[PDB]
Structure formats: structure tokens, C-alpha cells
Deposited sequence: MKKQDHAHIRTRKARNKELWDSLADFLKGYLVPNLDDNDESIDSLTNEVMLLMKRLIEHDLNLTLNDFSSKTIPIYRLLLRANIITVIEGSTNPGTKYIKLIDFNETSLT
């Protein structure tokens, strides 16, 4: 009976994150000459890529339009960047682990 309040909370985080991207983070990028929804989707995709721990996410997945995002994650110290190719993969640190 305790499950549909957390799935309730789960959408109210997704759209909170979304509303914050569309609302603040992506407008303060102001690239693509004015493509706020053409870019929000770029960025929204990237965050669900990060949140779902897509291992295929690499540095090249950042347009030169979205590369500040990458730099922002880097500054906050909340991603790990590791290279056999000379390419570099990006995953979120683990917030759930307890050991």
C-alpha cells in the first residue's frame, strides 16, 4: 500500500527535474541561437541517460552546445570519467550504496 506514494514521488521528481531544466538550466545555456525546447530534449535525454546509469554514455555524447553541463557535473564532483579506446565514459557516482 506504500508503493504508489513513491511512484507518485517518482513522477514529481522527474517533472521537477524537467521543470528546472526547461526553466533555469537550459535557458542559462542560451545556445542553438534560440532552441530552448530543441536543447531541453538534448539535455533532458542526457539526464535520464545519467540517472538510469547508461554505461554507453561518453564525453562525445555532449554537443558543443551542452558541454557546460558536462563541466558542471565535473565541478560538482558527481561523475566519474574513465577511458581501450582513447574515448571517455561518464557515469554518476553511486548515491544508493551504503557499505
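- Unmodelled regions of the deposited chain sequence (numbering from residue 1, in sequence order): 1 to 6, 90 to 92, 109 to 110.
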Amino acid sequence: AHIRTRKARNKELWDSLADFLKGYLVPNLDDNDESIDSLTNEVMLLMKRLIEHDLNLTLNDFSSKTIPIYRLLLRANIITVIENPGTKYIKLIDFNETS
From here on, numbers count along this sequence of modelled residues.
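- Averaged over CA atoms, B-factors in the entry run higher in 38 to 46 than in the other of 68 to 76 and 38 to 46.
- Mean CA B-factor, 26 to 34 versus 58 to 66: the higher value falls on 26 to 34.
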